[PDB]
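So you can see what is in the structure, the chains are spelled out below.
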Amino acid sequence: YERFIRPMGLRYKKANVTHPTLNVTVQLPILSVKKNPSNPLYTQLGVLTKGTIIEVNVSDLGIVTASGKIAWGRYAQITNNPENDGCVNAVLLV
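Here the PDB entry title reads "Structural insight into an essential assembly factor network on the pre-ribosome".

Peer 1: Explain the pattern of salt bridges to me, please; I cannot follow it from the model alone.
Peer 2: Side chains carrying opposite charge are able to pair once their charged atoms draw close together. Counting across every chain of the model gives one salt bridge. Two residues, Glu55 and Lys34, come together in a salt bridge whose shortest N-O distance is 2.8 Å. Of this pair, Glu55 sits in strand β4 (residues 52-58) while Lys34 is found in strand β3 (residues 32-34), placing the two residues 21 residues apart along the sequence.

Peer 1: Just checking my understanding: could you explain the pairing of strand β2 (residues 24-29) for this structure?
Peer 2: A regular strand places its side chains so that they alternate between the two faces of the sheet. By the bridge criterion, six bridges tie strand β1 (residues 14-19) to β2 in an arrangement that is antiparallel. By the bridge assignment for β2, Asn16 is matched with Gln27. Taking the residues between adjacent antiparallel strands as the criterion, β1 and β2 are bridged by four residues, where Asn23 takes a positive phi near 60°.

Peer 1: Would you mind going over the layout of surface pockets with me for this structure?
Peer 2: Over the atoms, a rolling probe the size of a water molecule traces out where space has been left empty. Taken as a whole, the largest pocket spans an internal volume of roughly 420 Å³. Lining the largest pocket are 26 residues, with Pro7, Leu10, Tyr12, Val33 and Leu48 positioned closest to its centre. Counting only elements with at least two residues in the lining of the largest pocket, the list comes to β1, β3, β4, β5 (72-81) and β6 (87-92). Residue composition of the lining of the largest pocket, grouped by class: 17 nonpolar, four polar and five charged.

Peer 1: Got a minute to help me understand the nonpolar core in this structure?
Peer 2: If you look at the biggest cluster of nonpolar residues, it comprises 13 residues, and the most contacted ones within it are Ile54 and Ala90. Every element with two or more residues in this core is listed here: β1, β2, β4, β5 and β6. For this core, the element with the most residues is β4, which contributes three residues. Ignoring anything within four residues of it in the chain, the contact list for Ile54 reads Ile30, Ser32, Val33, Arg74, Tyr75, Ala76, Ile78 and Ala90.

Here is what the cut-offs are and how they apply
- Residues numbered from 1 in each chain as written, not as in the entry; some residues may be left out.
- Heavy atoms only, no water.
- Salt bridge = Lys/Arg side-chain N within 4 Å of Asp/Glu carboxyl O.
- Helix = DSSP H or I, 4+ residues; strand = E, 2+ residues; numbered from the N terminus.
- Pairing = 2+ DSSP bridges.
- 1 Å grid on protein atoms, 1.4 Å probe; cavity = no way out; pocket = protein on both sides within 12 Å on 5 of 7 lines; lining within 4 Å.
- Points joined across faces, edges and corners; volume = space filled by probe spheres on them.
- Nonpolar A, V, L, I, M, F, W, Y, C, P; charged D, E, K, R; others polar.
- Core = buried A, V, L, I, M, F, W, Y, C linked by side-chain atoms within 4.5 Å.
- Buried < 20%, exposed > 50% of the residue type's maximum accessible area, 1.4 Å probe, protein only.
- Contact = heavy atoms within 4.5 Å.

Written out as structure tokens, the structure is:
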């Protein structure tokens, strides 16, 4: 997580993480991001593509909606939907 990686001037190290388990979307800070192995970007140089792997801690939400039993560092996939949410979105796989 000590390696610094980003696309080009992203808003900040935060993404709207949708948790299917809780059925809630909460913006969490991104602890670390992992590049796409082949980088499907067609010289776009804007934002990363869907399926980008990030590492986030599902505990710092502070909402406490699942008794804290869900507390664990998990990997989520970035999926930017600026036309719908207007923000960088992330989805948690279960």
